[PDB]
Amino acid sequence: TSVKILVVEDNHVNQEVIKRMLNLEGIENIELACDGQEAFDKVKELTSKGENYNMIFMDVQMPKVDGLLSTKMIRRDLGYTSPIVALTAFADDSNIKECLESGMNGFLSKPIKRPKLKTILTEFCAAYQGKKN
């Protein structure tokens, strides 16, 4: 607890890599969603408790509900005011523009490297405290 992050990602290999990277950054409270509907549902449940996820990392292509539609639902239907950052195998400027215009705050392309994750967390992640040689 303290920092709480949602990783939305249909590929289990990618889930496991970002989870380990976040753990190494001292963040242990990581939840996983496999598609955009599950993401909506989880943010929706936490919405009741009266707390945000500090951050959501959102994949774009996923079955059932993709990350663009997921973001739209989370923004529009739920309160949601905290950061959502695309984390995706995309790509080019069309994809980045689309993600930002859908209500995502930022954009990371896979592979995500540890130093770049550090920068995103410092930028966007509320209670995050980072080290350090």
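Heads up: residue numbers just count along the shown sequence, starting at 1.
- Stretches compared: 43 to 51, 87 to 95. Higher mean C-alpha B-factor in the entry: 43 to 51.
- The question of which stretch, 112 to 120 or 7 to 15, has the higher mean Cα B factor is settled in favour of 112 to 120.
- Reading the B-factor column for the CA atoms of 67, 103, 26, 106 in the entry, the top value corresponds to 26.
- In the PDB entry, residue 73 places in the middle third of its chain by CA B-factor.
- Per-chain ranking of the deposited C-alpha B factor places residue 31 in the middle third.
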